[PDB]
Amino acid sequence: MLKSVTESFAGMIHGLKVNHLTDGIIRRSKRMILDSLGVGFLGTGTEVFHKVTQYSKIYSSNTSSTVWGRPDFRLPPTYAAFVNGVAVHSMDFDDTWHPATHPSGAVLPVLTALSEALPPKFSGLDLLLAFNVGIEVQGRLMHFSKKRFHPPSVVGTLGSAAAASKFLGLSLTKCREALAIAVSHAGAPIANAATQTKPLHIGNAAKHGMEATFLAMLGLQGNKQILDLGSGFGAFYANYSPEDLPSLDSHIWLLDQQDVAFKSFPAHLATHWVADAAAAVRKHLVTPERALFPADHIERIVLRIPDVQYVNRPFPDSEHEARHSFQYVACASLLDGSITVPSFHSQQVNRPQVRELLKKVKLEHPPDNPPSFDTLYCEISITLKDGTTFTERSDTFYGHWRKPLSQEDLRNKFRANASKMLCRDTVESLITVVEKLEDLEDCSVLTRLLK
């Protein structure tokens, strides 16, 4: 090895310049940014967001950065990134990568908060760089396994520090300390990822990553081998296998070889397969002449699906539980003919006709279906009361990186998510600003529109 894994990361963060950007990234990185803002503004209406903003009200006295959807209220950059990151992840509506993590929410709120609170204009190319440095570090730390911690709390916290560290031009040595100090703020046990605290893992990753960067600039030191030791960053890994990063001339961003998956409805990405296969099998059982789902004719529905038992909730009674329910996403798809934001509202999840369809669903876990967003599939077999059986299988859903979302489709998702919180003018301007970020001379024109 040329040097330690830890220094390899400090070198790449400090070294990567604007010229290192690849066209494919500026493209996919712009899709992620508008998506995360859209789901973020939609998240500003959730109870989780209302709770973290109320707490954050004790630091209001510092009015440096914007709080999305709350122009009556400003916060220091650390807690602006905290609550905005929470809103991004508040509904499980944000982007999803491979290996599995949600990397945009932990990075973007940091850079927008930094640009506002900071005084030397900053380029849109500068923002895209720091953002893609945050995305890159998360993906490469992700491959260090060869279960216990929620990856967003782990890789996101460092991804956050990396993004902030390049955005503010820290010395090579100081980007190293920012990574090390962030490691002490990282690692939330994954049991809490199954509760309404899950959004805070992303908000803390953004916040703590920034905090670590501030302390790095003030001279605080961490372990100079934090990424190389099992007693360091590897403590979060069942089995740790770190690897130094390639030279910059031989550097291929992981975002170039692996796009992100974008969600069409706010729920666990595993259910997007269930939704796709449900929409297909549904059109066998309804006609223009018999337009309501023939639930009475049904006897048994089975969802062939990997054993991600976090998503195995056959009788959800809350908005949060239905978001991670193989069963409900299918039943609501079969009955409503669609599955969108309002499908998860309490009023809809406890519909009597939904309850009765949930009684007929059993989960099958075929051995050829591993729990990986890059491999898994959903097969749905519906057996009528008379005996007839219908089966439909979905290997890919519209939104997955194999079948990525259109640009207009992703633009109309954003317009629907920003609908309640911003007027038409602001919505369309943000689209134009984001769609051509590289050409921007001053990040301020974007930050302005966020309020």
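For every residue, the number given is its place in the sequence shown, counted from 1.
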| query | finding |
| --- | --- |
| Residue 146-residue 147 interval: deposited residues absent from the model | 4 to 9 |
| Unmodelled deposited residues flanked by residue 119 on one side and residue 120 on the other | 1 to 3 |
| Between 221-229 and 354-362 (mean CA B-factor, as deposited), the higher | 354-362 |
| Mean C-alpha B-factor comparison - 295-303 and 93-101, higher one | 295-303 |
| Criterion, highest CA B-factor; candidates, 134, 370, 209, 199 | 370 |
| Candidate residues 387, 404, 45, 38, the one whose C-alpha B factor the record puts highest | 387 |
| Chain thirds of CA B-factor: placement of residue 77 | middle |
| Residue 289 by Cα B-factor - lowest, middle or highest third of the modelled chain | middle |
| Record-listed C-alpha B factor of residue 244: chain third | highest |
| Chain-wide C-alpha B factor ranking for residue 53, given as lowest, middle or highest third | lowest |
| Chain-wide C-alpha B factor ranking for residue 421, given as lowest, middle or highest third | highest |
